[PDB]
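Visitor: One structure, as structure tokens, below. Some questions next.
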2 protein chains.
Amino acid sequence: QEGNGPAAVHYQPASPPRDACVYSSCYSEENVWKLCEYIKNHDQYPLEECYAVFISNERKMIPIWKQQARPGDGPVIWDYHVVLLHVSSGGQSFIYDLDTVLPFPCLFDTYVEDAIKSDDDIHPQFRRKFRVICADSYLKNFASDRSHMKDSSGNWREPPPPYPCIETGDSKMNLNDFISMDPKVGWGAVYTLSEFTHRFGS
Amino acid sequence: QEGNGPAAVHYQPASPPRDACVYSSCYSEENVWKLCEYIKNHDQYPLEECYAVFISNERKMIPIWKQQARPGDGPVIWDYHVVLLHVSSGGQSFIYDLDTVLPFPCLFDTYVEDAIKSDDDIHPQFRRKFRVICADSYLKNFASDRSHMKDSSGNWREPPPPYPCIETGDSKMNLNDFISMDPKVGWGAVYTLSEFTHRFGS
């Protein structure tokens, strides 16, 4: 028998701690994009091991439990919500959600169970779908002019993030193409809750 | 009526107290063999209720927390480690580890939870595997010439136990066959951490 030298044996998060991440309430698509930017700019993990994940449905009403906005367990009904998925080297997958009360990051199995619960127990208009976009692709292609966050009067529904709107060489606004769950549109692949769970679950 | 709560269920230990057990640091395989020999030579419990348990992995680096060699400070990373498992007629199972800072013996659910933790977020190279050998079989078959404990110059890595090497009619050395977590090799059965915990846990 011999005791080896000390070593870090646990998964190391790809992000900064939850309280050190760039964040604006109601701009999860951006918060997630910012995590992608951080990962890209660091050498800990390849960017391609990560995915931006949009959650929505045709009716744009998805319940998510264990959300910060509503502490104590009823759900928040969102039009869409975005989280980050890290498909880690050992078959262990993690979810980074800046709006969850669950750990940041959180093991995938735990997150999907606690946050989402079962689609079977809710009516069809509320069922959850997921667009999974590889992080490199997301940085390359995502663009939002934040126009959706201004009311009829031109005032901000929620204050915007402190940096200029994300744009690309090809577009200044394509957020709807990410929110959409039609496989004929946008980038990445679309999965039902069951499919998503099976695909990235343990 | 008598009610307790798992940690409070009554149990009489199969060994002498920790301070009276034969023990050499870095020779857990031998320390456990000696415990098996003691049990055999006593009439308290049938030997067949007990198992020698080897803990290792392919890379031979396994973390174990609550270890004497590293008080309060993370895990010890062992090439391999050996403990005794008593499957009690009392319905609760116990772990005897001469190297733990937990009680000796310790209720199984508690030992695994504190000492082992989960492999859910542990790097692949560090995941724990268990070889469980019924105690009668261990005494019948185990042999070690202690050759692994001599360095390249022929000197001891750690001082040996002060009794002659354990040998059998069939071998002078088969320690590698116990350390191995290959089911094709050796005696007993091999389990993942999850399997081991589900099997012997509550």
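Each chain in the structure tokens gets a letter, A, B and so on, in the order shown; residues start at 1 in every chain, and ligands are counted from 1 in the order they appear.
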Define the interface residues of chain A facing chain B as those within 10 Å, counting only C-alpha atoms, and report them as a list in words.
Guide: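 Taking only C-alpha atoms into account, residues 1, 2, 3, 4, 5, 6, 7, 8, 9, 10, 11, 12, 88, 89, 90, 91, 92, 93, 94, 106, 107 and 202 of chain A sit within 10 Å of chain B.
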Visitor: Would you return as a VMD selection string the members of range 13-124 of chain B that DSSP assigns to strand (DSSP E) on this structure's backbone?
Guide: chain B and resid 50 to 56 62 to 64 76 to 78 81 to 87 93 to 96 106 to 107
Visitor: Mind writing the picked residues with N, CA, C and O atoms as a CSV table (one decimal), in the first residue's frame?
Guide:
```
chain,number,residue,atom,x,y,z
B,50,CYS,N,-18.7,-12.5,7.0
B,50,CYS,CA,-17.7,-11.5,6.8
B,50,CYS,C,-17.0,-11.6,5.4
B,50,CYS,O,-16.9,-12.6,4.9
B,51,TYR,N,-16.6,-10.5,4.9
B,51,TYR,CA,-15.9,-10.3,3.7
B,51,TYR,C,-14.7,-9.3,3.7
B,51,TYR,O,-14.8,-8.3,4.3
B,52,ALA,N,-13.6,-9.7,3.1
B,52,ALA,CA,-12.5,-8.9,2.9
B,52,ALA,C,-12.9,-8.0,1.7
B,52,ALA,O,-13.4,-8.5,0.8
B,53,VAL,N,-12.7,-6.7,1.8
B,53,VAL,CA,-13.0,-5.9,0.7
B,53,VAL,C,-11.9,-5.0,0.2
B,53,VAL,O,-11.4,-4.2,0.9
B,54,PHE,N,-11.4,-5.3,-1.0
B,54,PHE,CA,-10.4,-4.5,-1.7
B,54,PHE,C,-11.0,-3.4,-2.4
B,54,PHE,O,-12.0,-3.5,-3.1
B,55,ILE,N,-10.4,-2.2,-2.3
B,55,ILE,CA,-10.8,-1.0,-3.0
B,55,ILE,C,-9.7,-0.5,-3.9
B,55,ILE,O,-8.7,-0.2,-3.4
B,56,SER,N,-9.9,-0.4,-5.2
B,56,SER,CA,-9.0,0.0,-6.1
B,56,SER,C,-9.6,0.3,-7.5
B,56,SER,O,-10.8,0.4,-7.5
B,62,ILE,N,-7.3,5.7,-5.8
B,62,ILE,CA,-8.6,5.9,-5.3
B,62,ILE,C,-8.6,6.8,-4.1
B,62,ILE,O,-7.9,6.6,-3.2
B,63,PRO,N,-9.5,7.8,-4.1
B,63,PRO,CA,-9.7,8.6,-2.9
B,63,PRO,C,-10.5,8.0,-1.9
B,63,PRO,O,-11.5,7.4,-2.1
B,64,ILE,N,-10.1,8.2,-0.6
B,64,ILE,CA,-10.9,7.8,0.5
B,64,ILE,C,-10.8,8.9,1.5
B,64,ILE,O,-9.7,9.3,1.8
B,76,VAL,N,-7.2,10.8,1.1
B,76,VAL,CA,-5.9,10.1,0.9
B,76,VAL,C,-6.1,9.4,-0.5
B,76,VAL,O,-7.2,8.9,-0.8
B,77,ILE,N,-5.2,9.5,-1.4
B,77,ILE,CA,-5.3,8.8,-2.6
B,77,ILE,C,-4.4,7.5,-2.5
B,77,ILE,O,-3.3,7.6,-2.5
B,78,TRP,N,-5.1,6.4,-2.4
B,78,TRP,CA,-4.4,5.1,-2.3
B,78,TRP,C,-4.3,4.3,-3.6
B,78,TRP,O,-5.0,4.5,-4.4
B,81,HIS,N,-6.8,-0.2,-1.0
B,81,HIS,CA,-7.1,-0.2,0.4
B,81,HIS,C,-8.0,-1.4,0.7
B,81,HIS,O,-8.6,-1.8,-0.1
B,82,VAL,N,-7.8,-1.9,1.9
B,82,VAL,CA,-8.6,-3.1,2.3
B,82,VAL,C,-9.3,-2.9,3.6
B,82,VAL,O,-8.7,-2.4,4.5
B,83,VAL,N,-10.6,-3.2,3.7
B,83,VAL,CA,-11.5,-3.2,4.9
B,83,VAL,C,-12.2,-4.5,5.0
B,83,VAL,O,-12.3,-5.2,4.1
B,84,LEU,N,-12.9,-4.7,6.2
B,84,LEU,CA,-13.7,-5.8,6.4
B,84,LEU,C,-15.2,-5.4,6.5
B,84,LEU,O,-15.5,-4.3,7.0
B,85,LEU,N,-16.0,-6.1,5.9
B,85,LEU,CA,-17.4,-5.9,5.9
B,85,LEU,C,-18.1,-7.1,6.6
B,85,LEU,O,-17.8,-8.2,6.3
B,86,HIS,N,-18.9,-6.7,7.6
B,86,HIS,CA,-19.7,-7.7,8.3
B,86,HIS,C,-21.1,-7.6,7.9
B,86,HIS,O,-21.6,-6.5,8.1
B,87,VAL,N,-21.7,-8.6,7.3
B,87,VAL,CA,-23.1,-8.6,6.9
B,87,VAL,C,-23.8,-9.2,8.1
B,87,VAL,O,-23.8,-10.4,8.3
B,93,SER,N,-25.3,-3.6,8.4
B,93,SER,CA,-24.0,-4.0,8.0
B,93,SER,C,-23.0,-3.0,8.5
B,93,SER,O,-23.2,-1.9,8.6
B,94,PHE,N,-21.8,-3.5,8.7
B,94,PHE,CA,-20.7,-2.7,9.3
B,94,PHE,C,-19.3,-2.9,8.6
B,94,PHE,O,-19.0,-3.9,8.1
B,95,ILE,N,-18.6,-1.8,8.5
B,95,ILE,CA,-17.3,-1.7,8.0
B,95,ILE,C,-16.2,-1.5,9.1
B,95,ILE,O,-16.3,-0.7,9.9
B,96,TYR,N,-15.2,-2.4,9.0
B,96,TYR,CA,-14.1,-2.3,9.9
B,96,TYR,C,-12.9,-1.8,9.1
B,96,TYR,O,-12.4,-2.5,8.4
B,106,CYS,N,-17.9,0.8,11.9
B,106,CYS,CA,-18.8,1.9,11.5
B,106,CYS,C,-20.0,1.3,10.7
B,106,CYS,O,-19.8,0.5,9.9
B,107,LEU,N,-21.1,1.9,11.0
B,107,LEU,CA,-22.3,1.5,10.3
B,107,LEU,C,-22.0,1.7,8.8
B,107,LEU,O,-21.5,2.7,8.4
```
Visitor: As a tab-separated table (two decimals) with C-alpha atoms, in the first residue's frame, please: chain A after a least-squares superposition onto chain B using all C-alpha atoms matched in order.
Guide:
```
chain	number	residue	atom	x	y	z
A	1	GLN	CA	-47.74	-1.24	29.53
A	2	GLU	CA	-44.73	-3.03	30.85
A	3	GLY	CA	-41.04	-2.26	30.88
A	4	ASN	CA	-38.97	-5.26	29.85
A	5	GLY	CA	-35.61	-6.11	31.20
A	6	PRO	CA	-32.46	-4.30	29.90
A	7	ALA	CA	-31.02	-5.32	26.62
A	8	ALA	CA	-28.32	-4.30	24.19
A	9	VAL	CA	-30.15	-2.91	21.25
A	10	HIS	CA	-27.34	-1.68	19.05
A	11	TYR	CA	-25.18	-3.53	16.54
A	12	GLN	CA	-22.12	-4.97	18.28
A	13	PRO	CA	-18.87	-4.66	16.36
A	14	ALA	CA	-17.27	-7.79	14.98
A	15	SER	CA	-13.88	-6.51	15.78
A	16	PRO	CA	-12.08	-5.31	18.82
A	17	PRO	CA	-12.07	-1.52	19.27
A	18	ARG	CA	-9.96	0.35	16.74
A	19	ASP	CA	-7.05	0.74	19.14
A	20	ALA	CA	-6.97	-2.96	19.96
A	21	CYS	CA	-6.66	-4.28	16.46
A	22	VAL	CA	-3.47	-5.68	14.95
A	23	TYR	CA	-2.15	-3.08	12.54
A	24	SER	CA	0.76	-2.04	10.41
A	25	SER	CA	0.71	1.11	8.30
A	26	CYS	CA	0.74	0.37	4.58
A	27	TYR	CA	-0.28	-3.28	4.96
A	28	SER	CA	-4.04	-2.89	4.90
A	29	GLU	CA	-4.47	-6.22	3.11
A	30	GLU	CA	-2.86	-7.84	6.15
A	31	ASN	CA	-4.66	-5.72	8.72
A	32	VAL	CA	-7.92	-6.84	7.14
A	33	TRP	CA	-6.80	-10.45	7.00
A	34	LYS	CA	-6.08	-10.17	10.74
A	35	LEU	CA	-9.62	-8.91	11.39
A	36	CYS	CA	-10.86	-11.92	9.49
A	37	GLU	CA	-8.75	-14.17	11.66
A	38	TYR	CA	-10.15	-12.57	14.79
A	39	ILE	CA	-13.72	-13.01	13.65
A	40	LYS	CA	-13.05	-16.59	12.66
A	41	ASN	CA	-11.64	-17.33	16.06
A	42	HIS	CA	-14.62	-15.85	17.84
A	43	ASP	CA	-18.25	-16.96	17.96
A	44	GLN	CA	-20.01	-13.67	17.59
A	45	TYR	CA	-20.63	-13.74	13.87
A	46	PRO	CA	-20.26	-16.30	11.18
A	47	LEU	CA	-17.18	-15.59	9.06
A	48	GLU	CA	-19.29	-15.88	5.94
A	49	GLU	CA	-21.16	-12.68	6.81
A	50	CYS	CA	-17.92	-10.80	6.20
A	51	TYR	CA	-15.99	-9.74	3.15
A	52	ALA	CA	-12.53	-8.47	2.45
A	53	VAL	CA	-12.83	-5.57	0.04
A	54	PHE	CA	-9.98	-4.44	-2.17
A	55	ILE	CA	-10.29	-0.98	-3.69
A	56	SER	CA	-8.27	-0.12	-6.77
A	57	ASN	CA	-8.39	0.54	-10.50
A	58	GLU	CA	-6.42	-0.22	-13.62
A	59	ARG	CA	-4.08	2.70	-13.12
A	60	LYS	CA	-3.69	1.96	-9.49
A	61	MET	CA	-4.58	5.44	-8.30
A	62	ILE	CA	-7.65	5.80	-6.13
A	63	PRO	CA	-8.50	8.77	-3.96
A	64	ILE	CA	-10.01	8.13	-0.58
A	65	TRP	CA	-11.18	10.90	1.69
A	66	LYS	CA	-11.38	10.87	5.50
A	67	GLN	CA	-8.12	9.04	5.72
A	68	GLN	CA	-5.76	9.27	8.70
A	69	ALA	CA	-2.68	9.89	6.68
A	70	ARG	CA	-4.06	13.23	5.55
A	71	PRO	CA	-6.22	14.82	8.22
A	72	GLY	CA	-8.29	17.68	6.97
A	73	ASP	CA	-10.18	16.84	3.87
A	74	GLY	CA	-8.20	16.26	0.73
A	75	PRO	CA	-7.69	12.68	-0.32
A	76	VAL	CA	-5.07	10.11	-0.03
A	77	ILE	CA	-4.13	8.60	-3.36
A	78	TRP	CA	-3.51	4.93	-2.85
A	79	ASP	CA	-2.37	2.23	-5.23
A	80	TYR	CA	-4.93	-0.03	-3.52
A	81	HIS	CA	-6.63	-0.09	-0.12
A	82	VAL	CA	-8.41	-2.84	1.77
A	83	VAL	CA	-11.33	-2.67	4.12
A	84	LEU	CA	-13.73	-5.12	5.71
A	85	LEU	CA	-17.40	-5.31	5.01
A	86	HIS	CA	-19.86	-6.83	7.40
A	87	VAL	CA	-23.20	-7.75	5.84
A	88	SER	CA	-25.20	-7.95	9.00
A	89	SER	CA	-28.36	-9.79	9.68
A	90	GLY	CA	-30.75	-6.93	9.61
A	91	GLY	CA	-29.91	-5.50	6.27
A	92	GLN	CA	-27.50	-3.15	8.07
A	93	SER	CA	-24.07	-3.15	6.64
A	94	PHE	CA	-20.83	-1.77	8.12
A	95	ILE	CA	-17.36	-0.97	6.97
A	96	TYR	CA	-14.26	-1.56	9.05
A	97	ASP	CA	-11.32	0.59	7.88
A	98	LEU	CA	-8.32	0.88	10.14
A	99	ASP	CA	-7.12	3.88	8.22
A	100	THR	CA	-10.27	6.04	8.25
A	101	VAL	CA	-11.00	8.97	10.55
A	102	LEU	CA	-14.63	8.00	10.32
A	103	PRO	CA	-16.00	5.67	13.05
A	104	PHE	CA	-14.67	2.15	13.38
A	105	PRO	CA	-16.85	0.49	12.32
A	106	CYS	CA	-18.89	2.87	10.21
A	107	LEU	CA	-22.31	2.50	8.73
A	108	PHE	CA	-21.96	1.61	5.08
A	109	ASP	CA	-23.97	4.48	3.62
A	110	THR	CA	-22.02	6.98	5.58
A	111	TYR	CA	-18.74	5.44	4.75
A	112	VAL	CA	-19.24	5.27	1.07
A	113	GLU	CA	-20.48	8.83	0.85
A	114	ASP	CA	-17.85	10.48	2.94
A	115	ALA	CA	-14.88	8.37	1.97
A	116	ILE	CA	-15.40	8.00	-1.65
A	117	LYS	CA	-17.68	10.85	-2.76
A	118	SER	CA	-18.71	10.68	-6.38
A	119	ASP	CA	-16.97	9.01	-9.27
A	120	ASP	CA	-18.80	11.45	-11.51
A	121	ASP	CA	-16.80	14.39	-10.18
A	122	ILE	CA	-13.39	12.93	-10.93
A	123	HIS	CA	-11.62	11.91	-14.12
A	124	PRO	CA	-11.76	8.25	-15.28
A	125	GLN	CA	-8.27	7.28	-14.30
A	126	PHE	CA	-9.27	7.78	-10.69
A	127	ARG	CA	-12.54	5.95	-10.62
A	128	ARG	CA	-12.95	3.35	-7.90
A	129	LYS	CA	-13.51	-0.36	-8.30
A	130	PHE	CA	-14.10	-2.96	-5.61
A	131	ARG	CA	-13.24	-6.70	-5.39
A	132	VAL	CA	-15.37	-8.26	-2.75
A	133	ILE	CA	-14.11	-11.50	-1.38
A	134	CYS	CA	-15.98	-13.47	1.22
A	135	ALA	CA	-13.89	-13.71	4.37
A	136	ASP	CA	-13.63	-17.44	4.45
A	137	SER	CA	-12.32	-17.37	0.93
A	138	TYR	CA	-9.88	-14.62	1.74
A	139	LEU	CA	-8.33	-16.56	4.63
A	140	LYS	CA	-8.19	-19.64	2.55
A	141	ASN	CA	-6.58	-18.12	-0.46
A	142	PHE	CA	-4.65	-14.92	0.31
A	143	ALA	CA	-0.87	-15.03	0.30
A	144	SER	CA	1.72	-12.21	0.41
A	145	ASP	CA	5.48	-12.47	0.59
A	146	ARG	CA	5.73	-8.74	1.11
A	147	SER	CA	8.12	-8.51	-1.85
A	148	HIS	CA	6.29	-5.48	-3.10
A	149	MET	CA	7.34	-3.60	0.00
A	150	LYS	CA	11.06	-3.87	-0.49
A	151	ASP	CA	12.86	-1.36	-2.72
A	152	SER	CA	15.62	-1.97	-5.28
A	153	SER	CA	18.11	-1.82	-2.46
A	154	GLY	CA	16.28	-4.46	-0.52
A	155	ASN	CA	15.16	-2.20	2.21
A	156	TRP	CA	11.64	-1.96	3.55
A	157	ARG	CA	9.53	0.80	2.16
A	158	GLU	CA	7.59	0.56	5.38
A	159	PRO	CA	8.39	-1.67	8.30
A	160	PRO	CA	6.62	-4.99	8.07
A	161	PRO	CA	4.13	-6.51	10.46
A	162	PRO	CA	5.61	-8.47	13.34
A	163	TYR	CA	4.49	-11.88	12.21
A	164	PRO	CA	5.60	-14.14	9.42
A	165	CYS	CA	4.27	-13.64	5.96
A	166	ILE	CA	0.89	-15.08	5.23
A	167	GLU	CA	1.07	-18.08	3.03
A	168	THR	CA	-1.02	-20.89	1.88
A	169	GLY	CA	-0.63	-24.40	0.68
A	170	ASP	CA	-1.00	-23.10	-2.83
A	171	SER	CA	0.92	-19.88	-2.98
A	172	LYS	CA	3.36	-17.61	-1.29
A	173	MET	CA	2.41	-14.57	-3.27
A	174	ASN	CA	-0.83	-13.70	-5.02
A	175	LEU	CA	-1.48	-10.12	-3.90
A	176	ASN	CA	-1.69	-8.82	-7.47
A	177	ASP	CA	-4.65	-11.13	-8.06
A	178	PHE	CA	-6.56	-9.20	-5.34
A	179	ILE	CA	-5.44	-5.75	-6.38
A	180	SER	CA	-6.48	-6.57	-9.92
A	181	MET	CA	-9.97	-5.45	-10.93
A	182	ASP	CA	-10.19	-7.74	-13.86
A	183	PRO	CA	-13.12	-10.11	-13.25
A	184	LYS	CA	-11.22	-12.82	-15.10
A	185	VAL	CA	-8.68	-13.04	-12.36
A	186	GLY	CA	-8.76	-13.98	-8.72
A	187	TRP	CA	-11.53	-14.61	-6.32
A	188	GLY	CA	-14.72	-12.77	-5.48
A	189	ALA	CA	-16.59	-10.32	-7.61
A	190	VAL	CA	-15.75	-6.92	-9.02
A	191	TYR	CA	-17.97	-3.92	-8.72
A	192	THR	CA	-17.86	-0.38	-9.82
A	193	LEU	CA	-18.47	2.25	-7.19
A	194	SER	CA	-21.99	2.64	-8.32
A	195	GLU	CA	-22.61	-1.09	-8.31
A	196	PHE	CA	-20.99	-1.51	-4.91
A	197	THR	CA	-23.05	1.27	-3.43
A	198	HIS	CA	-26.27	-0.08	-4.76
A	199	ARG	CA	-25.52	-3.59	-3.73
A	200	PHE	CA	-24.66	-3.00	-0.12
A	201	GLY	CA	-26.28	0.36	0.41
A	202	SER	CA	-29.51	0.88	2.29
```
